[PDB]
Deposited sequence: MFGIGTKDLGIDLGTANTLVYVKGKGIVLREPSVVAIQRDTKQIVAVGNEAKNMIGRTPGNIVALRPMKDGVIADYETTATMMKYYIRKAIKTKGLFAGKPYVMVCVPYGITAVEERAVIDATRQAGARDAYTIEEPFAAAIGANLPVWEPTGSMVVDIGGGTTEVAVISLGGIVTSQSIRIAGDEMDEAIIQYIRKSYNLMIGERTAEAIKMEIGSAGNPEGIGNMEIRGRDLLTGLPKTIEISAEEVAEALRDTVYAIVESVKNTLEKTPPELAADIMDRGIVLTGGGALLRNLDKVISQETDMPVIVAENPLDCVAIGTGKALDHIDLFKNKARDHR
């Protein structure tokens, strides 16, 4: 029974042909500090972390190493198959991926127990998962904003016409908030607080009425913890350059798009997928700066994984 696997920078999802998303686990491993060997993956790692056995540290590999990939894929595949035979595995990969890296991904999935492994670029999977008409001779456009990358693509006739990837996404919005608070308040906050600010009062623009938030961090003069209040308006300033860079990759992908496909997209709209697509008003801001309709996909966190699974029905194209 064939599997689609989305090993995301923070979240891993496994799709099983005929069952849907059957596995939702963090992209994390636990490694024994001294032996440097992986001893748990995903939920087994997170729970081992909560048992606290010492001599063990958690890592986020997808934030790269062939054996880590193989070990993680072996866990997720074995965990997902609740067994009819060695599976055929569709592996979602970032659009940037090079040939040597793509073959390293296939070989490690084979090592993990796949009969054979195929890859699908993330924007293509997201477009399939967002129900864009990717097989028709008309233009479609998806912007997938994850934790590590923003991937923009124009799809037509079952393939990517043009596509761009930038390393400016969810994690970079967090960093922009950290850096803004550092410069403005001489206060250093951690990544957990930055993430919460982004989710609770973050916006791409027009932050009126979103509200304010009390946050805590380290005063950089005294080194002592300090509490301040930050506003939606400030957070939107903090995120301005990140948002501008996403807008610019959408524009730059359009400028590389043939004219008729560009016309189809202006008519049907751009679809935003991924967790970063939930930044408040990002759809409106991309719409305003490009003069195009922009909508956030239904089920934006699962589009990629569902698209990876639906690609199993078209295994011939990826073989």
Absent from the model, numbered along the deposited sequence, are 1 to 6, 70 to 73, 93 to 96, 334 to 340
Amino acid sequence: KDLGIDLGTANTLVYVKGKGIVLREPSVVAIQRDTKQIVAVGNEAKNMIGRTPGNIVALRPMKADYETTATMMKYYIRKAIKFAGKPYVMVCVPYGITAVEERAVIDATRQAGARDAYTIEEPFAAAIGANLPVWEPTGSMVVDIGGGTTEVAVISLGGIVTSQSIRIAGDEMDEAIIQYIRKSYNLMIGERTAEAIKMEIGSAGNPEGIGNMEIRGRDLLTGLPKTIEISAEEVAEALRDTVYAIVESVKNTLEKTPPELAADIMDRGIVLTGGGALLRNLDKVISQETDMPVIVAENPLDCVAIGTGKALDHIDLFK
From here on, numbers count along this sequence of modelled residues.
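So that the term is clear: the rigid core is the largest set of C-alpha atoms that superpose within 1.5 Å between two forms.
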Hey, after superposing on the core, which one moves around more in 4 other deposited structures of this protein, 201 to 209 or 94 to 102, CA-wise?
-> 94 to 102
Note: with structures superposed on the core, the stretch whose C-alphas sit farther off in 4 other deposited structures of this protein, 25 to 33 or 283 to 291, is 25 to 33
Taking the other compared entries of this protein, do a third or more of them lack coordinates for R218?
-> no
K82 coordinate gap across at least a third of other entries = yes
Entry-level comparison of average CA B-factors, 84 to 92 and 212 to 220, reporting the higher stretch = 84 to 92
On mean C-alpha B-factor from the PDB entry, just flag whether 108 to 116 or 173 to 181 is the higher one.
-> 108 to 116
From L272, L279, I286, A40, residue of greatest CA B-factor | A40
Taking the values exactly as deposited, rank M72 by C-alpha B-factor within its chain and report the matching third: lowest, middle or highest.
-> middle
CA B-factor placement of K226, once the chain's modelled residues are sorted into thirds | lowest
Would you mind ranking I166 by its C-alpha B-factor against the rest of the chain and naming the third, lowest, middle or highest?
-> middle
The third of the chain into which the C-alpha temperature factor of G202 falls is the lowest
Record-listed C-alpha B factor of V250: chain third | lowest
